Amino acid sequence: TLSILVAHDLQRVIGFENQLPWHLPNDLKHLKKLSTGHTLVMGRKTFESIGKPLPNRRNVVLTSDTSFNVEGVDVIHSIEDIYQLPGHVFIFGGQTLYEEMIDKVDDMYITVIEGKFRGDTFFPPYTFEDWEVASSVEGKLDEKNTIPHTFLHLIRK
Ligand SMILES: NC(=O)c1ccc[n+]([C@@H]2O[C@H](COP(=O)([O-])OP(=O)(O)OC[C@H]3O[C@@H](n4cnc5c(N)ncnc54)[C@H](OP(=O)(O)O)[C@@H]3O)[C@@H](O)[C@H]2O)c1
């Protein structure tokens with residue numbers, strides 16, 4: 001199973017200066033819940049910004065750099081390599097990977113961040129006429145989680 005994993009704002013901003021534009025602990029908990037025990041594929045810039053593999057899942061980095069060899073990370077050098085990855089595979093950014101994979105994934109787990117942030121990277125436009133809402137759940141807010149957000153699971157029609 002091949003799934004997109006992403007948080008984007010009302011204008012589909014996903015990043016600014018190689019980091020998330022928002023601070024939202026609950027969404028990171030959500031994404032770790034979805035992906036534990038599975039596989040995260042990420043482009044090189046996204047990986048470098050995280051800086052270290054996420055524990056308790058297979059971390060795969062897509063890069064053209066043949067000198068890339070990081071402890072606890074598997075490297076791939078083509079999109080085609082993604083299809084050889086066994087199990088539930090999550091496409092986890094950044095913009096380049098989303099653009100390359102959005103026409104290929106089975107479904108998408110999207111957190112809509114219900115705000116407008118300054119961004120330099122975007123999730124590609126998509127339409128609900130291609131995607132059925134399997135679920136839509138409003139995130140609960142508190143002191144440390146102050147931006148309204150909605151967890152979507154969309155499945156390709
Ligand atoms: N909001 C979210 O849920 C979320 C999640 C993840 C990331 N992000 C954001 O996304 C932004 C980064 O996106 P980005 O597009 O700048 O970078 P990126 O997708 O993270 O990485 C781009 C790099 O990935 C490698 N790559 C991509 N396609 C390739 C291919 N077909 N063959 C070989 N290598 C390939 C290349 O690495 P090389 O140059 O080394 O060859 C390319 O330069 C950051 O701001 C980050 O915060 C947001």
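Each residue takes its place number in the sequence, starting with 1. Note that ligands are numbered from 1 as they come in the structure, with each ligand's atoms numbered from 1 the same way.
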Which atom pair, heavy atoms only, marks the closest approach of [X] to [Y]?
| X | Y | answer |
| --- | --- | --- |
| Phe47 | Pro53 | CE1-N, 3.8 Å |
| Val13 | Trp22 | O-CH2, 3.3 Å |
| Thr46 | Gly94 | OG1-N, 3.0 Å |
| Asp9 | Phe117 | OD2-N, 2.8 Å |
| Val105 | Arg156 | O-NH2, 2.7 Å |
| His77 | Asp81 | N-OD2, 3.3 Å |

(Q) Let me confirm one number: the CG-CG distance from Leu28 to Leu20, rounded to the nearest 0.5 Å. (A) 6.5 Å
**Q.** Approximate separation, where rounding is to 0.5 Å, of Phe123 CZ and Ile14 CD1
**A.** 8.0 Å
Q) Is the CD atom of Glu138 crowded by more than 12 outside heavy atoms at less than 6.0 Å? A) no
(Q) If you count heavy atoms of other groups shown closer than 6.0 angstrom to NZ of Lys157, is the number above 12? (A) yes
Judged on heavy-atom distance to [atom], which of [options] sits nearest?
| atom | options | answer |
| --- | --- | --- |
| atom 30 (C) of ligand 1 | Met101, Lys45, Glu100 | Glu100 |
| atom 19 (O) of ligand 1 | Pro21, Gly43, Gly94 | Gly94 |
| atom 39 (O) of ligand 1 | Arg44, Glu17, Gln95 | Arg44 |
| atom 9 (C) of ligand 1 | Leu28, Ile14, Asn18 | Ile14 |

Students should be able to answer this: which protein heavy-atom is nearest to [atom], and at what distance?
| atom | result |
| --- | --- |
| atom 7 (C) of ligand 1 | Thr46 OG1, 3.1 Å |
| atom 32 (N) of ligand 1 | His77 O, 3.7 Å |
| atom 40 (O) of ligand 1 | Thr63 OG1, 2.8 Å |
| atom 6 (C) of ligand 1 | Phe92 O, 3.5 Å |
| atom 3 (O) of ligand 1 | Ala7 N, 2.7 Å |
| atom 29 (C) of ligand 1 | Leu62 CD2, 3.5 Å |

Using a 4.0 Å cut-off to any heavy atom of [X], which atoms of ligand 1 qualify?
| X | answer |
| --- | --- |
| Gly15 | 45 (O) |
| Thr96 | 15 (O), 19 (O), 27 (C), 28 (N) |
| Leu20 | 1 (N), 2 (C), 4 (C), 47 (O), 48 (C) |
| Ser64 | 33 (C), 34 (N), 38 (P), 41 (O) |
| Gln19 | 45 (O), 47 (O) |

What about [X]: any of its N or O atoms under 3.5 Å from an N or O on ligand 1?
| X | result |
| --- | --- |
| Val6 | no |
| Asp120 | no |
| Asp65 | no |

(Q) Applying a heavy-atom cut-off of 4.0 Å, say which part of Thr121 lies close to ligand 1: side chain, backbone, both or neither. (A) side chain
(Q) Tell me if the centroids of the rings in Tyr98 and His8 come within less than 6.0 Å of each other. (A) no
Q: May I ask you to decide if the ring planes of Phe151 and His30 are parallel, tilted or perpendicular, using 30° and 60° as cut-offs?
A: parallel
Q: Ignoring hydrogens, tell whether any protein atom lies closer than 4.0 Å to atom 42 (C) of ligand 1; use the non-hydrogen atoms only.
A: no
(Q) Just to check, does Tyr98 reach to within less than 4.0 Å of ligand 1 when the distance is taken from its heavy atoms? (A) yes
Q.
Does the residue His8 have a heavy-atom contact with ligand 1, meaning some pair of atoms that are separated by less than 4.0 Å?
A. no
Q | Side chains of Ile110 and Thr150 in contact at under 4.5 Å (non-hydrogen atoms) | A | no
